[PDB]
2 protein chains.
Amino acid sequence: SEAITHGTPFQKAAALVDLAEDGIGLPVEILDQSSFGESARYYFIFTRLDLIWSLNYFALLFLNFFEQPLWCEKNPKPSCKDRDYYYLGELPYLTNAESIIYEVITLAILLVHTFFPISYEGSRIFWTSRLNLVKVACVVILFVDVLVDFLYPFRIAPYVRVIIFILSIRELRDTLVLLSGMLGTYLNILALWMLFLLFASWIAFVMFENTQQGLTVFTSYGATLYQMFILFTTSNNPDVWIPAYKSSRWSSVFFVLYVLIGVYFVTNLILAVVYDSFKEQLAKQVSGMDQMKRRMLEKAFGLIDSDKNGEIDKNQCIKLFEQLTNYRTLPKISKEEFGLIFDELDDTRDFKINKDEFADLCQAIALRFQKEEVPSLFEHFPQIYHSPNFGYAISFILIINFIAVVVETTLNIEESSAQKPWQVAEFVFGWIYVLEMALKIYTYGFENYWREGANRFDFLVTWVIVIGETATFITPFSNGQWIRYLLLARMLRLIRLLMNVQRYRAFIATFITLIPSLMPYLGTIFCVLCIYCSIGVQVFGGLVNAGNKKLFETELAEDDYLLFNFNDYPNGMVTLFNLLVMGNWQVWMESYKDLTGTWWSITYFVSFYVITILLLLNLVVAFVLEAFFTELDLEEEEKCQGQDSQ
Amino acid sequence: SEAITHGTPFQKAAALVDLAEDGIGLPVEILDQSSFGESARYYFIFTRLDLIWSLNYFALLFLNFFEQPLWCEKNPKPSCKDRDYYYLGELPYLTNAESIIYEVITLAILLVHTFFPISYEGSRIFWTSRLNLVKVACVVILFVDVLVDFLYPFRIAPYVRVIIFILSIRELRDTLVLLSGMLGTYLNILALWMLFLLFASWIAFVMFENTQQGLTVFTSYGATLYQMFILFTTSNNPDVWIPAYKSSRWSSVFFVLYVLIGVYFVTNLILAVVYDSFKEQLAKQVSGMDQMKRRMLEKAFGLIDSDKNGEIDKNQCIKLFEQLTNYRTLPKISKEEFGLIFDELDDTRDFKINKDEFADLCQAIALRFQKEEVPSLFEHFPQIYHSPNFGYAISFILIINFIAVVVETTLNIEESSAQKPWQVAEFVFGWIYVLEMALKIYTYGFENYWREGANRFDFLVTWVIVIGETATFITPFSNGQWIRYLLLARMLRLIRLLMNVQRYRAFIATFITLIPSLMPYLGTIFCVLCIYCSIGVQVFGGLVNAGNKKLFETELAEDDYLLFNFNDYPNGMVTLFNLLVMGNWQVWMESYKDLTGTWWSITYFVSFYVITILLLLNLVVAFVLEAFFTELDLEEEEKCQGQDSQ
Ligand SMILES: CCCCCCCCCCCCC[C@@H]1[C@@H](C(=O)O)[C@@]1(CCCCCCCCCCCC)CCC(=O)O
Ligand SMILES: CCCCCC[C@@]12[C@@H](CCCC)[C@@]1(CCCCCCCCCC(=O)O)[C@@H]2CCCCCCCC(=O)O
Ligand SMILES: CCCCCCCCCCCCCCCC(=O)O
Ligand SMILES: CCCCCCCCCCCCCCCC(=O)O
Ligand SMILES: CCCCCCCCCCCCCCCC(=O)O
Ligand SMILES: CCCCCCCCCCCCCCCC(=O)O
Ligand SMILES: CCCCCCCCCCCCCCCC(=O)O
Ligand SMILES: CCCCCCCCCCCCCCCC(=O)O
Ligand SMILES: CCCCCCCCCCCCCCCC(=O)O
Ligand SMILES: CCCCCCCCCCCCCCCC(=O)O
Ligand SMILES: CCCCCCCCCCCCCCCC(=O)O
Ligand SMILES: CCCCCCCCCCCCCCCC(=O)O
Ligand SMILES: CCCCCCCCCCCCCCCC(=O)O
Ligand SMILES: CCCCCCCCCCCCCCCC(=O)O
Ligand SMILES: [Ca+2]
Ligand SMILES: [Ca+2]
Ligand SMILES: [Ca+2]
Ligand SMILES: [Ca+2]
Ligand SMILES: [Ca+2]
């Protein structure tokens with residue numbers, strides 16, 4: 001547990017292992033900080049000062065981002081019957097005086113966050129870096145629209161807030177490289193997609209003109225490209241070609257041939273491209289990540305080789321491993337570390353250490369050990385640190401804790417009003433579970449809240465139990481059953497302890513890693529909806545009124561989806577989700593073609609679909625196939641290389 | 001172009017290249033024929049006699065298979081108002097006298113086809129190989145049903161006909177190995193799938209008991225596992241959780257979390273397993289194919305090495321290459337073939353040829369050359385054989401022929417009754433197209449009807465044109481309209497020729513390969529429907545009547561799907577197709593739960609789904625990802641490897 005304020009004493013001995021820390025967890029530092037400048041030079045202090053306020057910044061980034069539900073409609077005041085809810089949302093819309101407060105607080109942190117790299121980049125460099133120049137200008141745009149409501153065309157604030165939220169996060173920008181690096185391949189294949197629509201849209205207009213079909217549905221040619229596009233999605237499958245089938249039965253041979261080519265041949269081949277084009281772009285990000293590693297190791301190799309000859313004595317590099325605080329006794333480990341990499345140079349047995357050799361060294365060590373084990377810095381003035389047989393024992397606990405609920409809920413079909421003997425069993429079970437995590441700080445380590453992936457995900461849920469049980473009878477109702485389903489992620493911990501089964505073993509570790517790995521790649525799509533909603537709120541604001549007469553003819557009134565409606569922002573975010581899932585997405589396309597009365601409404605849903613069935617095929621479906629083959633072959637090699645490494 | 005009747009002269013010199021032919025196109029021969037027995041022993045004659053009647057057999061296998069639409073309903077005669085059509089099909093159902101004519105002729109070929117391996121396998125061997133023991137017994141079951149004609153429980157004929165059709169074809173059996181070799185992995189993951197239905201079905205029953213939701217939809221717990229299964233398919237997405245959403249808006253955060261786990265995380269991970277389990281089973285079929293190759297080369301290496309020492313002089317193997325009819329200037333490249341394929345042994349420069357070395361020889365030759373070029377052998381007594389500048393030229397030919405069609409159809413929106421100057425342009429264009437294939441027999445070769453993949457697919461449509469134009473004015477109406485509509489495979493010939501474009505190069509080189517590669521793997525699924533139809537015809541025969549009162553309440557009458565009906569066989573095959581595509585598949589599950597009045601109807605559609613979303617994820621979607629990476633890397637390698645392949 002060495003220091004982190006460590007590139008500021010900055011010895012050749014000392015400042016190495018901070019750089020060696022920077023390879024293992026792999027955080028970047030700026031190329032301005034990578035070239036020169038130290039914590040003695042009062043710039044690298046501000047680098048680690050930035051990472052102190054990181055949780056301050058991400059608290060702001062979602063604070064800015066979640067304003068978009070809470071801000072009002074595009075047209076509250078032009079609209080009549082404004083305060084009523086004619087199928088509007090739930091949220092309170094913030095008043096204009098309240099609107100200012102939540103933004104001025106928001107902007108001032110951005111003005112810190114955007115101009116904090118002045119403290120460790122030069123102003124003639126900071127304004128040159130051409131990534132900030134986007135982000136700086138986005139701040140100015142909010143600074144305008146705050147001033148407009150301070151002074152009190154269509155208020156283009158919320159599009160920018162997304163773009164601020166996309167770029168600021170390191171993960172979403174790293175996602176966003178994989179779009180623009182690959183988007184030349186997707187729009188490429190979008191043509192040959194559109195070709196086998198237009199050709200196959202045409203033949204149905206050719207074949208079915210004089211029959212009942214062209215009389216009924218396929219009136220225009222443009223009626224077909226409209227319809228046959230929906231059948232490319234197959235979310236309207238038999239309703240299209242009933243009167244083609246009802247007239248002649250042999251007309252089915254067309255449509256069942258079309259969808260086969262449509263779904264089963266093309267849409268997979270769209271996925272075949274995008275998953276294949278993913279691999280090249282992912283390789284460019286990985287190699288772009290690994291060039292960061294060697295370029296940071298070049299600063300590390302130059303920090304030691306002060307003779308500047310490119311060869312370092314071994315005792316010069318052995319001695320820093322205790323300062324590395326990696327392993328405890330070091331008599332002959334580095335002699336073993338020669339054969340662990342491919343070849344020994346052995347021109348001198350110890351004296352010659354080449355540039356690429358040490359770059360292989362620090363990269364190798366953290367894989368085998370994971371022994372750095374660094375906790376957070378504590379004050380010793382309190383000193384609060386208190387100084388599968390058990391696995392099969394805790395296999396039994398979450399069994400009987402689970403069946404306690406199903407007994408409680410088969411009491412609820414009996415509807416016991418006398419829960420007095422059953423409330424004896426209620427409060428006791430939450431008191432139990434805090435004891436099975438207790439041996440871990442007795443056996444191995446204290447700060448493993450951030451270590452086990454279960455403690456990454458259950459740590460709220462582990463501690464939320466008895467604090468919910470506390471205000472049960474001391475509050476002397478709706479929040480009472482709020483716990484009564486919350487006491488069920490016990491099975492989710494029972495999942496992982498059942499997930500030691502070797503029969504499920506590859507499928508286990510993917511779905512574990514599937515939550516952290518696909519958090520940016522689903523995070524970007526959540527930002528994409530925040531674009532499409534804020535378009536559609538402004539396009540379709542007060543459109544579905546209370547008494548709109550074009551409404552009740554259409555499909556939203558037939559199937560009674562007279563909710564989601566786009567009539568403000570959080571109503572829109574649900575509505576784009578159904579268009580994401582493709583559950584009956586042609587209702588809205590059929591509805592807003594009538595509620596706007598125009599065919600330029602069809603633009604909004606197709607432009608969703610193309611970018612969606614890029615992004616669903618891009619980052620959902622192509623990752624899982626990459627993520628499984630990561631988790632599969634490790635299990636396939638851990639037995640085989642465990643025969644080697646032992 | 002030597003003979004094929006060639007292992008019956010059966011020289012050590014001669015009968016080699018017939019075995020060398022058997023490696024190149026790779027047909028199997030039986031292990032009885034592989035062990036011993038020759039065309040002198042007459043058994044090898046019956047082997048090639050079998051492959052003469054191959055097209056006779058596949059003409060029978062679809063003849064037997066297509067009786068199942070043409071055979072009648074399960075209950076014509078118990079049903080009242082039998083001859084009327086109350087949402088029944090189109091086909092004429094075969095009369096019982098005319099039925100047996102189509103069956104006795106069918107069976108007599110099977111009795112040839114099943115007992116033809118008597119002629120080249122011993123009877124104590126033929127009844128031992130346990131493929132036949134299935135297949136012979138299936139013949140007996142049909143032989144029963146012909147006796148049932150003279151008598152005039154539920155007539156289980158048509159299930160067997162599929163099983164006969166599956167096993168007889170070599171491709172579908174090779175598909176069917178990949179099921180049973182992998183089905184232990186799929187049902188393995190089906191349980192862990194079923195768990196994250198049940199648990200996620202459970203919480204929605206837990207959450208929504210006291211609210212409006214459990215009052216309205218989620219009445220039973222079994223009501224939820226019913227509903228939440230449909231939302232795993234998302235073919236009923238907002239209709240489920242409207243009254244959960246209409247009451248509390250926060251209930252959406254459940255459902256949008258469920259489908260993400262449901263579709264985007266699980267269903268890909270089901271596809272991740274099945275595509276990964278595909279690779280191992282496909283490797284077993286490939287290695288099972290390649291063991292056939294070396295074991296056939298062992299008979300070839302033993303045919304030459306008559307000294308039985310395992311080493312063959314090169315002039316013994318040089319001399320047969322002219323009998324192979326492979327290449328013209330032989331002795332200059334046979335020394336280069338030492339250097340091209342692999343490394344030379346060079347203990348003797350030519351004298352020593354090992355067992356595995358010759359196995360490397362004949363394997364590599366057919367790749368580089370393709371110079372065997374075997375035609376269909378003619379009688380010379382008639383002697384009917386008559387003894388990209390052009391590519392950019394025939395690029396232009398279809399274009400002006402294509403725009404002639406769209407001019408003809410924009411005449412039809414004008415509706416010209418005077419087609420007399422326009423019929424000058426009609427008949428002339430079909431006469432043109434037979435001339436662009438004509439240089440191929442002048443430049444390169446005659447029998448390339450089976451060689452170019454375009455001539456594999458266009459050859460019916462290439463020649464159908466002028467014979468459709470012939471009976472236009474000499475018949476002095478509805479049929480010649482469709483021929484006017486048929487004038488469109490020209491752009492389908494443009495599809496192949498245009499993808500010399502490197503921008504689209506890999507994509508349709510897949511799609512070319514995609515039709516023959518996925519012909520068995522879609523063929524099996526077509527057989528799977530012929531199982532599920534013949535179940536559902538017998539289960540649901542006269543159910544959707546004319547005046548059924550339970551019918552008009554349900555969804556098939558609401559959305560007017562009163563076709564797609566199950567009330568005979570070909571209504572079923574359309575109907576299972578919609579359940580295959582997943583276009584509104586919950587209508588039938590909602591309908592036949594009412595029209596049978598029972599909950600055991602739900603079995604039929606779920607058991608469809610699990611086997612289907614095996615087989616769609618199995619053999620559609622896993623192939624295209626395998627097939628693209630076959631087509632992609634060959635384009636990626638040949639540009640670099642052609643500098644080495646030279
Ligand atoms: C893939 C997405 C990962 C990111 C997770 C989303 C974080 C943002 C959370 C949104 C919370 C809004 C809840 C709204 C209810 C409330 O109680 O306030 C409410 C809005 C309905 C649900 C909103 C979620 C829609 C977007 C999620 C799905 C898209 C992501 C792909 C109604 C307001 C009320 O009356 O209380
Ligand atoms: C992949 C999967 C498959 C599915 C199947 C379905 C269908 C298709 C085929 C495609 C290719 C493979 C089919 C065929 C055809 C159709 C049609 C139907 C109708 C009937 C009508 C009759 C009269 O005429 O009336 C299948 C379905 C069925 C079959 C049938 C055949 C024949 C027909 C006619 O006849 O038309
Ligand atoms: C593969 C391309 C085939 C056809 C694609 C081009 C067709 C473009 C427009 C077709 C004509 C529309 C017919 C009605 C228009 C009108 O009468 O004004
Ligand atoms: C990418 C291919 C298609 C994308 C979107 C499909 C929209 C094409 C359908 C045409 C709209 C209706 C035709 C206009 C006829 C009219 O206005 O009278
Ligand atoms: C962004 C590019 C996509 C282009 C969108 C579709 C291109 C063609 C538009 C379809 C209109 C054809 C309708 C003509 C027939 C008619 O109006 O009567
Ligand atoms: C984050 C980049 C945004 C991408 C495109 C945003 C702006 C495109 C269209 C904006 C408003 C379009 C609506 C026009 C019709 C109307 O306002 O009534
Ligand atoms: C990929 C971008 C999607 C392309 C959107 C297609 C737009 C076509 C809209 C209908 C076409 C007919 C235009 C006439 C407009 C009108 O009738 O008012
Ligand atoms: C994240 C980038 C997405 C931007 C692309 C979506 C914008 C395309 C169309 C938006 C609405 C256009 C149709 C509105 C017509 C109208 O004004 O009535
Ligand atoms: C992960 C599992 C959670 C629960 C799964 C087991 C539930 C099986 C049946 C639940 C009880 C059904 C309630 C009504 C039955 C009745 O009273 O007849
Ligand atoms: C593979 C998981 C589910 C598969 C099929 C889902 C069927 C479960 C739904 C239960 C049916 C209705 C409940 C019975 C109650 C009753 O008899 O009224
Ligand atoms: C082939 C195995 C699949 C098993 C099919 C589903 C297993 C459970 C069946 C659901 C019935 C539960 C309904 C109980 C509640 C009630 O009826 O009141
Ligand atoms: C090819 C193998 C067939 C697989 C299973 C076939 C037989 C299973 C069920 C057959 C009939 C089931 C219908 C029972 C109810 C009824 O006949 O009324
Ligand atoms: C994988 C196989 C599919 C499993 C099929 C689930 C069958 C459940 C059917 C409903 C369960 C309730 C049984 C009561 C029958 C009845 O109400 O008549
Ligand atoms: C190719 C193999 C598929 C066989 C599996 C399908 C058979 C499962 C259920 C068939 C029908 C069962 C439900 C009928 C109930 C009834 O008799 O009313
Ligand atoms: Ca040195
Ligand atoms: Ca050494
Ligand atoms: Ca309806
Ligand atoms: Ca020899
Ligand atoms: Ca030699």
# chains A, B, ... in the order shown; residues from 1 in each chain; ligands from 1

call {"tool": "residues_around", "arguments": {"residues": "residue B:487", "least_positions_apart": "4", "cutoff": "9 Å", "atoms": "only C-alpha atoms", "output": "JSON list (two decimals) with N, CA and C atoms, in the first residue's frame"}}
result
[["chain", "number", "residue", "atom", "x", "y", "z"],
["B", 402, "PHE", "N", -33.48, -3.78, -69.05],
["B", 402, "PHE", "CA", -34.17, -3.52, -67.79],
["B", 402, "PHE", "C", -35.06, -2.29, -67.88],
["B", 405, "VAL", "N", -38.40, -2.68, -69.45],
["B", 405, "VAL", "CA", -39.48, -3.18, -68.61],
["B", 405, "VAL", "C", -40.17, -2.03, -67.89],
["B", 430, "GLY", "N", -36.18, -11.21, -76.11],
["B", 430, "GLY", "CA", -35.90, -12.57, -75.70],
["B", 430, "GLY", "C", -35.04, -13.31, -76.71],
["B", 465, "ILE", "N", -37.84, -18.02, -72.11],
["B", 465, "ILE", "CA", -38.30, -16.72, -72.58],
["B", 465, "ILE", "C", -39.01, -16.84, -73.92],
["B", 482, "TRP", "N", -48.35, -13.10, -66.76],
["B", 482, "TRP", "CA", -47.31, -13.46, -65.79],
["B", 482, "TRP", "C", -45.96, -13.63, -66.46],
["B", 483, "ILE", "N", -45.95, -14.00, -67.74],
["B", 483, "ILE", "CA", -44.70, -14.10, -68.48],
["B", 483, "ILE", "C", -44.12, -12.72, -68.73]]

call {"tool": "residues_around", "arguments": {"residues": "residue B:2", "least_positions_apart": "4", "cutoff": "9 Å", "atoms": "only C-alpha atoms", "output": "CSV table (one decimal) with N, CA and C atoms, in the first residue's frame"}}
result
chain,number,residue,atom,x,y,z
B,6,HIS,N,-14.6,-47.9,-64.9
B,6,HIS,CA,-13.1,-47.7,-64.9
B,6,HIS,C,-12.5,-48.6,-63.8
B,323,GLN,N,-2.9,-40.8,-67.7
B,323,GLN,CA,-4.1,-41.5,-67.6
B,323,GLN,C,-5.1,-40.8,-66.7
B,324,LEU,N,-4.6,-39.9,-65.8
B,324,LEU,CA,-5.5,-39.0,-65.0
B,324,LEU,C,-6.1,-38.0,-65.9
B,325,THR,N,-5.5,-37.7,-67.1
B,325,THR,CA,-5.9,-36.7,-68.1
B,325,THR,C,-5.9,-35.3,-67.4
B,374,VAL,N,-14.7,-33.0,-67.0
B,374,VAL,CA,-15.4,-34.2,-67.5
B,374,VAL,C,-16.8,-33.9,-68.1

call {"tool": "closest_residue", "arguments": {"among": "B:69, B:27, B:583, B:572", "to": "chain A", "atoms": "only C-alpha atoms"}}
result
B:583

call {"tool": "interface_residues", "arguments": {"of": "chain B", "to": "chain A", "cutoff": "6 Å", "atoms": "only C-alpha atoms", "output": "PyMOL selection string"}}
result
chain B and resi 234-235+237+272+583+625

call {"tool": "residues_near_ligand", "arguments": {"ligand": "ligand 6", "cutoff": "7 Å", "atoms": "only C-alpha atoms and all ligand atoms", "output": "MDAnalysis selection string"}}
result
chainID A and resid 159:160 163 531 535 538:539

call {"tool": "select_by_dssp", "arguments": {"residues": "stretch 424-465 of chain B", "states": "alpha helix (DSSP H)", "output": "PyMOL selection string"}}
result
chain B and resi 424-432+438-443+453-457+459-465

call {"tool": "write_last_selection", "arguments": {"atoms": "N, CA and C atoms", "output": "tab-separated table (two decimals), in the first residue's frame"}}
result
chain	number	residue	atom	x	y	z
B	424	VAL	N	-43.64	-4.81	-80.95
B	424	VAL	CA	-42.43	-4.93	-81.75
B	424	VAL	C	-41.22	-5.05	-80.82
B	425	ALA	N	-41.23	-4.30	-79.72
B	425	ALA	CA	-40.10	-4.33	-78.79
B	425	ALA	C	-40.20	-5.52	-77.83
B	426	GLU	N	-41.37	-6.14	-77.73
B	426	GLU	CA	-41.55	-7.24	-76.79
B	426	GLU	C	-40.77	-8.48	-77.21
B	427	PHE	N	-41.08	-9.01	-78.39
B	427	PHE	CA	-40.62	-10.35	-78.76
B	427	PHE	C	-39.15	-10.35	-79.14
B	428	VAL	N	-38.59	-9.18	-79.45
B	428	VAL	CA	-37.24	-9.12	-79.99
B	428	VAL	C	-36.21	-9.33	-78.89
B	429	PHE	N	-36.54	-8.95	-77.65
B	429	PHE	CA	-35.53	-8.90	-76.60
B	429	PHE	C	-35.21	-10.29	-76.06
B	430	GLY	N	-36.18	-11.21	-76.11
B	430	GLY	CA	-35.90	-12.57	-75.70
B	430	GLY	C	-35.04	-13.31	-76.71
B	431	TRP	N	-35.10	-12.89	-77.97
B	431	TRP	CA	-34.29	-13.51	-79.01
B	431	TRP	C	-32.83	-13.11	-78.87
B	432	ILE	N	-32.56	-12.02	-78.16
B	432	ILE	CA	-31.20	-11.49	-78.05
B	432	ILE	C	-30.35	-12.34	-77.12
B	438	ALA	N	-23.19	-17.65	-76.22
B	438	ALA	CA	-22.79	-18.47	-77.37
B	438	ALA	C	-21.28	-18.49	-77.55
B	439	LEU	N	-20.59	-17.44	-77.10
B	439	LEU	CA	-19.14	-17.40	-77.32
B	439	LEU	C	-18.43	-18.36	-76.38
B	440	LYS	N	-19.09	-18.75	-75.29
B	440	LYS	CA	-18.49	-19.61	-74.27
B	440	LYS	C	-18.17	-20.99	-74.83
B	441	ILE	N	-19.02	-21.50	-75.71
B	441	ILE	CA	-18.74	-22.78	-76.35
B	441	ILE	C	-17.82	-22.58	-77.55
B	442	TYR	N	-17.70	-21.33	-78.00
B	442	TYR	CA	-16.72	-20.99	-79.02
B	442	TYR	C	-15.36	-20.68	-78.41
B	443	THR	N	-15.34	-19.96	-77.29
B	443	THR	CA	-14.08	-19.64	-76.63
B	443	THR	C	-13.57	-20.78	-75.77
B	453	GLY	N	-22.18	-20.75	-61.66
B	453	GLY	CA	-23.27	-20.73	-60.70
B	453	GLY	C	-24.48	-19.98	-61.19
B	454	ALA	N	-24.27	-19.03	-62.10
B	454	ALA	CA	-25.37	-18.41	-62.83
B	454	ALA	C	-26.11	-19.41	-63.70
B	455	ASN	N	-25.38	-20.22	-64.48
B	455	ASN	CA	-26.00	-21.28	-65.26
B	455	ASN	C	-26.58	-22.39	-64.40
B	456	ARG	N	-26.20	-22.47	-63.13
B	456	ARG	CA	-26.88	-23.36	-62.21
B	456	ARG	C	-28.28	-22.86	-61.88
B	457	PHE	N	-28.50	-21.54	-61.89
B	457	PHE	CA	-29.73	-20.98	-61.35
B	457	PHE	C	-30.57	-20.31	-62.44
B	459	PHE	N	-30.72	-21.31	-65.79
B	459	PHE	CA	-30.79	-22.10	-67.02
B	459	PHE	C	-32.22	-22.42	-67.41
B	460	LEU	N	-33.10	-22.61	-66.42
B	460	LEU	CA	-34.52	-22.70	-66.73
B	460	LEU	C	-35.04	-21.37	-67.25
B	461	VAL	N	-34.64	-20.28	-66.60
B	461	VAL	CA	-35.23	-18.98	-66.86
B	461	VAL	C	-34.61	-18.37	-68.11
B	462	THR	N	-33.38	-18.78	-68.44
B	462	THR	CA	-32.72	-18.33	-69.65
B	462	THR	C	-33.47	-18.81	-70.89
B	463	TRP	N	-33.87	-20.08	-70.89
B	463	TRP	CA	-34.50	-20.68	-72.05
B	463	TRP	C	-36.02	-20.56	-72.05
B	464	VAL	N	-36.64	-20.15	-70.93
B	464	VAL	CA	-38.10	-20.10	-70.85
B	464	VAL	C	-38.68	-18.91	-71.60
B	465	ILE	N	-37.84	-18.02	-72.11
B	465	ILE	CA	-38.30	-16.72	-72.58
B	465	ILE	C	-39.01	-16.84	-73.92

call {"tool": "closest_atom_pairs", "arguments": {"of": "chain B", "to": "ligand 10", "cutoff": "10 Å", "atoms": "only C-alpha atoms and all ligand atoms", "output": "Markdown table"}}
result
| residue | atom | partner | partner_atom_place_in_ligand_line | distance |
| --- | --- | --- | --- | --- |
| B:190 | CA | ligand 10 | 1 (C) | 8.4 |
| B:191 | CA | ligand 10 | 1 (C) | 8.5 |
| B:193 | CA | ligand 10 | 1 (C) | 8.2 |
| B:194 | CA | ligand 10 | 1 (C) | 5.4 |
| B:195 | CA | ligand 10 | 2 (C) | 8.3 |
| B:196 | CA | ligand 10 | 2 (C) | 9.3 |
| B:197 | CA | ligand 10 | 2 (C) | 6.4 |
| B:198 | CA | ligand 10 | 2 (C) | 6.9 |
| B:201 | CA | ligand 10 | 2 (C) | 9.3 |
| B:219 | CA | ligand 10 | 15 (C) | 9.0 |
| B:220 | CA | ligand 10 | 15 (C) | 6.1 |
| B:221 | CA | ligand 10 | 13 (C) | 6.8 |
| B:222 | CA | ligand 10 | 13 (C) | 3.5 |
| B:223 | CA | ligand 10 | 12 (C) | 5.1 |
| B:224 | CA | ligand 10 | 9 (C) | 6.7 |
| B:225 | CA | ligand 10 | 9 (C) | 4.7 |
| B:226 | CA | ligand 10 | 9 (C) | 3.7 |
| B:227 | CA | ligand 10 | 9 (C) | 7.4 |
| B:228 | CA | ligand 10 | 6 (C) | 8.6 |
| B:229 | CA | ligand 10 | 3 (C) | 6.2 |
| B:230 | CA | ligand 10 | 6 (C) | 8.7 |
| B:593 | CA | ligand 10 | 11 (C) | 9.8 |
| B:598 | CA | ligand 10 | 17 (O) | 8.4 |
| B:599 | CA | ligand 10 | 11 (C) | 6.1 |
| B:600 | CA | ligand 10 | 11 (C) | 8.4 |
| B:601 | CA | ligand 10 | 11 (C) | 9.9 |
| B:602 | CA | ligand 10 | 7 (C) | 6.6 |
| B:603 | CA | ligand 10 | 5 (C) | 6.7 |
| B:604 | CA | ligand 10 | 5 (C) | 9.6 |
| B:605 | CA | ligand 10 | 5 (C) | 8.6 |
| B:606 | CA | ligand 10 | 5 (C) | 5.9 |
| B:607 | CA | ligand 10 | 4 (C) | 8.4 |
| B:609 | CA | ligand 10 | 4 (C) | 9.7 |
| B:610 | CA | ligand 10 | 1 (C) | 8.4 |

call {"tool": "residues_near_ligand", "arguments": {"ligand": "ligand 19", "cutoff": "7 Å", "atoms": "only C-alpha atoms and all ligand atoms", "output": "PDB file with C-alpha atoms, in the first residue's frame"}}
result
ATOM      1  CA  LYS B 335       9.635 -31.810 -59.657  1.00  0.00           C
ATOM      2  CA  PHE B 338       7.846 -31.316 -54.583  1.00  0.00           C
ATOM      3  CA  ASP B 346      14.899 -35.945 -50.182  1.00  0.00           C
ATOM      4  CA  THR B 348      15.969 -40.203 -52.327  1.00  0.00           C
ATOM      5  CA  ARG B 349      15.072 -37.396 -54.722  1.00  0.00           C
ATOM      6  CA  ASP B 350      12.252 -39.345 -56.409  1.00  0.00           C
TER       7      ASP B 350
END

call {"tool": "atom_distance", "arguments": {"atom1": "atom 3 (C, counted along the ligand's line) of ligand 5", "atom2": "atom CA of residue A:521"}}
result
27.2 Å

call {"tool": "residues_near_ligand", "arguments": {"ligand": "ligand 18", "cutoff": "7 Å", "atoms": "only C-alpha atoms and all ligand atoms", "output": "PyMOL selection string"}}
result
chain B and resi 304-313

call {"tool": "write_last_selection", "arguments": {"atoms": "C-alpha atoms", "output": "mmCIF file, in the first residue's frame"}}
result
data_model
loop_
_atom_site.group_PDB
_atom_site.id
_atom_site.type_symbol
_atom_site.label_atom_id
_atom_site.label_comp_id
_atom_site.auth_asym_id
_atom_site.auth_seq_id
_atom_site.Cartn_x
_atom_site.Cartn_y
_atom_site.Cartn_z
ATOM 1 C CA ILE B 304 -0.015 -48.848 -56.522
ATOM 2 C CA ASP B 305 2.394 -50.098 -53.829
ATOM 3 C CA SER B 306 2.198 -53.721 -54.933
ATOM 4 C CA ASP B 307 5.630 -54.378 -53.443
ATOM 5 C CA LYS B 308 3.851 -53.557 -50.136
ATOM 6 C CA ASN B 309 6.897 -51.736 -48.767
ATOM 7 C CA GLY B 310 5.209 -48.349 -48.426
ATOM 8 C CA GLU B 311 7.506 -46.596 -50.903
ATOM 9 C CA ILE B 312 6.661 -46.016 -54.561
ATOM 10 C CA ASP B 313 8.978 -44.937 -57.363
#

call {"tool": "residues_around", "arguments": {"residues": "stretch 546-558 of chain B", "least_positions_apart": "5", "cutoff": "7 Å", "atoms": "only C-alpha atoms", "output": "MDAnalysis selection string"}}
result
chainID B and resid 86 587 591 594:595
